[PDB]
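Below, in structure tokens: the form deposited in one PDB entry, a single chain.
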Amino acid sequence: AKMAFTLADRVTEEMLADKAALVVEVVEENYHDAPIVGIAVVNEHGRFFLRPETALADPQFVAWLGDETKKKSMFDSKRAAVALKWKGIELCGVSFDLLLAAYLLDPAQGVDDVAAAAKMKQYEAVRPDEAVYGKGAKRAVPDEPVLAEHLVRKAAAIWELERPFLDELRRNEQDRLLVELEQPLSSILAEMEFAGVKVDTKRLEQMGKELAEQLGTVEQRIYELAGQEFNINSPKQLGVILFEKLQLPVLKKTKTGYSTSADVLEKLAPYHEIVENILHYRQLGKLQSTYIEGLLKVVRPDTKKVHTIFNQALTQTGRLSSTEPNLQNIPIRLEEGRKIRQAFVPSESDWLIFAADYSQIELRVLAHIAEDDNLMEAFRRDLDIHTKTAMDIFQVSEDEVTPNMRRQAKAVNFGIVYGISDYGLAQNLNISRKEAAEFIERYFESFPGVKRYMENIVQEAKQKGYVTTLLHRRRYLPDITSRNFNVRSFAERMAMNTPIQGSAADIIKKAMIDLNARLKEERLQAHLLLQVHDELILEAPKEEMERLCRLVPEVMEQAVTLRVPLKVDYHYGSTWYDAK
């Protein structure tokens, strides 16, 4: 049976109640400067559908949107907030976001539309967006009758589902996580995305020329060494040239054929000169295709800025993800790729890029959660954690720690945070399973508290069915009881890793909220641009650097209080690259 609603030709007073489910539909996946196809409002007075041209041109409706005393319940308010920012309209008073609520209740559900969230509470009087708009090339906004009913039904679902979702969140002790962390953060992410990051396209285009020149040289060399031309970017064809024509050893055999991954080629490097060339080709090609051509495709022609979209409701650990473009994986480890960052510049004259990062936040969180005396003392002394771990597992003094020992202790540290595994560590350090197991045993002897935590967290996940982070974010782990070893082992690693990665996520998110409040208080023009899991990137007038050097690290260091200190490093400069 159809749902009743008023398809209004104009805005009325009863459409402006002090509480309502609001739908400001943006069908385009990338909502930056995108069209708003329709509006729906459901309140105590009934259900209404409004045409965007009408509603958004009405002084009363716009004022209602920006009145924070007029409460709105929505789904993915960030999407509406940003689409409105591009139209010069401010959205305030959003007291409930169903997308974020569902995400906190169970990130594994993958809720991406009102229907999926509603299905969680046995409410199905609403269709999936995909069912209405279609998908892929065939997607499209349907006719008004169909469009209007869909938005009203979504608005109605939100109006109906707010209470039950809030009640469960409360049961889970996640009510504050939603209202005090995620929702406020949503507005901050909206400003960040809207502000965007300025790109020096000419710089980017020149790097593209340089890379194209080098890719040509190396590409020829490869054919010259292989005795024929082939698609180097084809693991299948490449695997034939290497393991069939050149007779190179087969150390790794992929599920579909021969492995040609970096780790394998490095081992094969000694056998033939073609290998080093393939590795180099891989590097350049990745930089060119993904970063040069990739970025240039999404930069706005007019402003020369890129506007990423931070997906706040996707990762299973509580982290954010970034898309179109992904600004959370810009090269930095290798110098050639690191150069890419020189293309990210301040949006105004005489402004500078300022970057602050937590130093070893995951291991510090581990020390806190496990309450390992040795690990807590290490951070209390602000010790080089990898040198310290080597000293312990190898039983030597700081002076006796060789570069190779630190490298291995470092690999052990990453394995501990990720959820230890002898095979996993062995694979990473290219050693035997047994030898890796010995390292791990050595590590637990030196950090008994960490061992206790790993055992306890797994048992707790088994008992409760989930694990939680410092601010009460949770992740259900049904596979923890599977009789399949591989399936269960993955769930156990997730049990060990989620509370660590997740808590580090909670902390930096709170720091973002605290920082924005401090910046406003100080009336500084500095503002957040990006977040990259453990670091915050801002831009600001050069005259604000000294104040930021003190303010940012402090706010980030005091976001939460742990059994160990939180340490934040910072750098600033003409470009992102220079902010080192």
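Numbering starts at 1 and runs along the sequence shown. Here the rigid core means the biggest group of C-alpha atoms that line up within 1.5 Å when the two forms are laid on top of each other.
Here the subject shifts to the form deposited in another entry, a form of this protein not shown in this document.
Looking between the shown form and the other one after fitting on the rigid core, I'd like to know which of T308, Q501, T260, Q408 has a C-alpha displacement of 2 Å or more. The listed residue whose C-alpha shifts by at least 2 Å is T260.
Given a superposition on the rigid core, I'd like a yes or no on whether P478 shifts its C-alpha by 2 Å or more between the shown form and the other one. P478: C-alpha displaced by less than 2 Å between the shown form and the other one.
Did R171 shift 2 Å or more between the shown form and the other one, C-alpha, core superposed: Shift at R171: below 2 Å after core fit.
Examine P145 after superposing the rigid core and state whether its CA is displaced by 2 Å or more between the shown form and the other one. No, its C-alpha moves less than 2 Å.
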